[PDB]
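In what follows, a structure is listed as structure tokens, so that the remarks can point back to it.
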Amino acid sequence: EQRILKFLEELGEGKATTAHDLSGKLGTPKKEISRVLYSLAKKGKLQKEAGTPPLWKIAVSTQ
């Protein structure tokens with residue numbers, strides 16, 4: 001919970017991302033990115049796009 005909030009914050013406040021792009025860049029297992037993503041978005045510590053592909057973007061997106 002300290003390695004994900006340190007990389008997602010450096011991304012670029014206002015930049016969306018995917019789960020496959022995080023499990024393939026850091027090597028982390030999807031089972032670890034799917035169980036943590038649904039645990040952060042529920043606490044309001046990560047926005048959630050609307051559609052098929054669940055994109056994440058640190059609170060407060062561009063514009």
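By order of appearance in the structure tokens: chains A, B, ..., then residues from 1 within every chain, and ligands from 1 in the order shown.
Using only C-alpha atoms, the residues found no farther than 10 Å from region 38-55 of chain A, other than those of its own chain fewer than 2 positions away, are residues 1, 5, 8, 15, 16, 17, 18, 19, 33, 34, 35, 36, 57, 58, 59, 60 and 61 of chain A.
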Dump N, CA and C atoms for the selected residues as a JSON list (two decimals), in the first residue's frame?
[["chain", "number", "residue", "atom", "x", "y", "z"],
["A", 1, "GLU", "N", 0.83, -1.20, 0.00],
["A", 1, "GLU", "CA", 0.00, 0.00, 0.00],
["A", 1, "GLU", "C", 0.87, 1.26, 0.00],
["A", 5, "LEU", "N", 0.89, 3.73, -4.13],
["A", 5, "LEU", "CA", 0.53, 5.13, -3.92],
["A", 5, "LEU", "C", 1.73, 6.04, -4.20],
["A", 8, "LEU", "N", 1.59, 5.84, -8.49],
["A", 8, "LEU", "CA", 0.38, 6.41, -9.07],
["A", 8, "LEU", "C", 0.35, 7.92, -8.87],
["A", 15, "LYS", "N", -4.01, 11.66, -15.09],
["A", 15, "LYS", "CA", -3.68, 10.67, -16.11],
["A", 15, "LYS", "C", -4.30, 9.32, -15.78],
["A", 16, "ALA", "N", -5.12, 8.81, -16.70],
["A", 16, "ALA", "CA", -5.77, 7.52, -16.50],
["A", 16, "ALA", "C", -4.81, 6.37, -16.79],
["A", 17, "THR", "N", -5.13, 5.19, -16.26],
["A", 17, "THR", "CA", -4.30, 4.01, -16.46],
["A", 17, "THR", "C", -5.13, 2.74, -16.42],
["A", 18, "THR", "N", -4.51, 1.62, -16.79],
["A", 18, "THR", "CA", -5.20, 0.33, -16.80],
["A", 18, "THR", "C", -4.54, -0.64, -15.82],
["A", 19, "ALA", "N", -5.22, -1.75, -15.55],
["A", 19, "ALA", "CA", -4.71, -2.76, -14.64],
["A", 19, "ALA", "C", -3.64, -3.61, -15.31],
["A", 33, "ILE", "N", -3.49, -6.63, -8.08],
["A", 33, "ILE", "CA", -3.89, -5.33, -8.58],
["A", 33, "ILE", "C", -5.41, -5.21, -8.64],
["A", 34, "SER", "N", -6.09, -6.35, -8.67],
["A", 34, "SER", "CA", -7.55, -6.37, -8.73],
["A", 34, "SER", "C", -8.15, -6.34, -7.33],
["A", 35, "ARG", "N", -7.39, -6.82, -6.35],
["A", 35, "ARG", "CA", -7.84, -6.85, -4.97],
["A", 35, "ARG", "C", -7.51, -5.54, -4.26],
["A", 36, "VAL", "N", -6.55, -4.80, -4.81],
["A", 36, "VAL", "CA", -6.13, -3.53, -4.23],
["A", 36, "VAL", "C", -6.86, -2.36, -4.89],
["A", 57, "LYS", "N", -7.48, 6.90, -12.07],
["A", 57, "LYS", "CA", -6.82, 8.20, -12.15],
["A", 57, "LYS", "C", -6.85, 8.91, -10.81],
["A", 58, "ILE", "N", -5.69, 9.00, -10.16],
["A", 58, "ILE", "CA", -5.58, 9.66, -8.87],
["A", 58, "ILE", "C", -6.65, 10.73, -8.70],
["A", 59, "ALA", "N", -7.23, 10.81, -7.51],
["A", 59, "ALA", "CA", -8.26, 11.79, -7.22],
["A", 59, "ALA", "C", -7.97, 13.12, -7.91],
["A", 60, "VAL", "N", -9.03, 13.81, -8.32],
["A", 60, "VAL", "CA", -8.88, 15.10, -8.99],
["A", 60, "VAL", "C", -8.15, 14.94, -10.32],
["A", 61, "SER", "N", -8.91, 14.74, -11.39],
["A", 61, "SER", "CA", -8.34, 14.57, -12.72],
["A", 61, "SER", "C", -8.11, 15.92, -13.39]]
Write out as a PDB file with N, CA and C atoms, in the first residue's frame all residues of chain A that backbone DSSP assigns to alpha helix (DSSP H).
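What landed in result-v5.pdb:
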ATOM      1  N   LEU A   8       1.589   5.835  -8.486  1.00  0.00           N
ATOM      2  CA  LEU A   8       0.381   6.411  -9.065  1.00  0.00           C
ATOM      3  C   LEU A   8       0.349   7.924  -8.866  1.00  0.00           C
ATOM      4  N   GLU A   9       1.079   8.399  -7.863  1.00  0.00           N
ATOM      5  CA  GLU A   9       1.136   9.826  -7.568  1.00  0.00           C
ATOM      6  C   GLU A   9       2.156  10.525  -8.462  1.00  0.00           C
ATOM      7  N   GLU A  10       3.125   9.761  -8.955  1.00  0.00           N
ATOM      8  CA  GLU A  10       4.163  10.309  -9.821  1.00  0.00           C
ATOM      9  C   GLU A  10       3.725  10.275 -11.283  1.00  0.00           C
ATOM     10  N   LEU A  11       2.705   9.474 -11.570  1.00  0.00           N
ATOM     11  CA  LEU A  11       2.189   9.351 -12.929  1.00  0.00           C
ATOM     12  C   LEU A  11       1.951  10.725 -13.548  1.00  0.00           C
ATOM     13  N   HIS A  20      -3.817  -3.870 -16.601  1.00  0.00           N
ATOM     14  CA  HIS A  20      -2.864  -4.673 -17.360  1.00  0.00           C
ATOM     15  C   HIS A  20      -1.562  -3.908 -17.579  1.00  0.00           C
ATOM     16  N   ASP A  21      -1.648  -2.583 -17.549  1.00  0.00           N
ATOM     17  CA  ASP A  21      -0.476  -1.737 -17.743  1.00  0.00           C
ATOM     18  C   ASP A  21       0.331  -1.621 -16.453  1.00  0.00           C
ATOM     19  N   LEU A  22      -0.287  -1.998 -15.339  1.00  0.00           N
ATOM     20  CA  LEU A  22       0.372  -1.935 -14.040  1.00  0.00           C
ATOM     21  C   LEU A  22       0.929  -3.299 -13.646  1.00  0.00           C
ATOM     22  N   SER A  23       0.275  -4.357 -14.114  1.00  0.00           N
ATOM     23  CA  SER A  23       0.703  -5.718 -13.809  1.00  0.00           C
ATOM     24  C   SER A  23       1.781  -6.180 -14.785  1.00  0.00           C
ATOM     25  N   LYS A  30      -1.892  -9.802 -11.230  1.00  0.00           N
ATOM     26  CA  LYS A  30      -3.217  -9.213 -11.381  1.00  0.00           C
ATOM     27  C   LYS A  30      -4.046  -9.408 -10.117  1.00  0.00           C
ATOM     28  N   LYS A  31      -3.968 -10.602  -9.541  1.00  0.00           N
ATOM     29  CA  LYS A  31      -4.709 -10.917  -8.325  1.00  0.00           C
ATOM     30  C   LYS A  31      -4.357  -9.942  -7.206  1.00  0.00           C
ATOM     31  N   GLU A  32      -3.262  -9.211  -7.387  1.00  0.00           N
ATOM     32  CA  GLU A  32      -2.818  -8.242  -6.391  1.00  0.00           C
ATOM     33  C   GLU A  32      -3.229  -6.827  -6.787  1.00  0.00           C
ATOM     34  N   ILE A  33      -3.489  -6.632  -8.076  1.00  0.00           N
ATOM     35  CA  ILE A  33      -3.892  -5.327  -8.584  1.00  0.00           C
ATOM     36  C   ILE A  33      -5.411  -5.206  -8.642  1.00  0.00           C
ATOM     37  N   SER A  34      -6.090  -6.348  -8.670  1.00  0.00           N
ATOM     38  CA  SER A  34      -7.547  -6.370  -8.728  1.00  0.00           C
ATOM     39  C   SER A  34      -8.148  -6.336  -7.326  1.00  0.00           C
ATOM     40  N   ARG A  35      -7.386  -6.821  -6.351  1.00  0.00           N
ATOM     41  CA  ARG A  35      -7.842  -6.848  -4.966  1.00  0.00           C
ATOM     42  C   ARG A  35      -7.505  -5.539  -4.258  1.00  0.00           C
ATOM     43  N   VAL A  36      -6.549  -4.801  -4.812  1.00  0.00           N
ATOM     44  CA  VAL A  36      -6.134  -3.528  -4.235  1.00  0.00           C
ATOM     45  C   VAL A  36      -6.864  -2.362  -4.891  1.00  0.00           C
ATOM     46  N   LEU A  37      -7.211  -2.528  -6.162  1.00  0.00           N
ATOM     47  CA  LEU A  37      -7.915  -1.490  -6.906  1.00  0.00           C
ATOM     48  C   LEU A  37      -9.335  -1.309  -6.378  1.00  0.00           C
ATOM     49  N   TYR A  38      -9.981  -2.420  -6.043  1.00  0.00           N
ATOM     50  CA  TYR A  38     -11.345  -2.385  -5.526  1.00  0.00           C
ATOM     51  C   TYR A  38     -11.356  -2.025  -4.044  1.00  0.00           C
ATOM     52  N   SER A  39     -10.167  -1.872  -3.469  1.00  0.00           N
ATOM     53  CA  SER A  39     -10.038  -1.531  -2.058  1.00  0.00           C
ATOM     54  C   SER A  39      -9.647  -0.066  -1.886  1.00  0.00           C
ATOM     55  N   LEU A  40      -9.197   0.550  -2.973  1.00  0.00           N
ATOM     56  CA  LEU A  40      -8.790   1.951  -2.945  1.00  0.00           C
ATOM     57  C   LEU A  40      -9.883   2.847  -3.517  1.00  0.00           C
TER      58      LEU A  40
END
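Among the candidate residues A:14, A:29, A:24, A:3, the one lying nearest to residue 63 (chain A) is A:14, with distances computed using only C-alpha atoms.
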**OP:** Using DSSP on the backbone coordinates, identify all residues within chain A classified as strand (DSSP E); present the result as a ChimeraX atom specification.
**Re:** /A:47-48,56-57
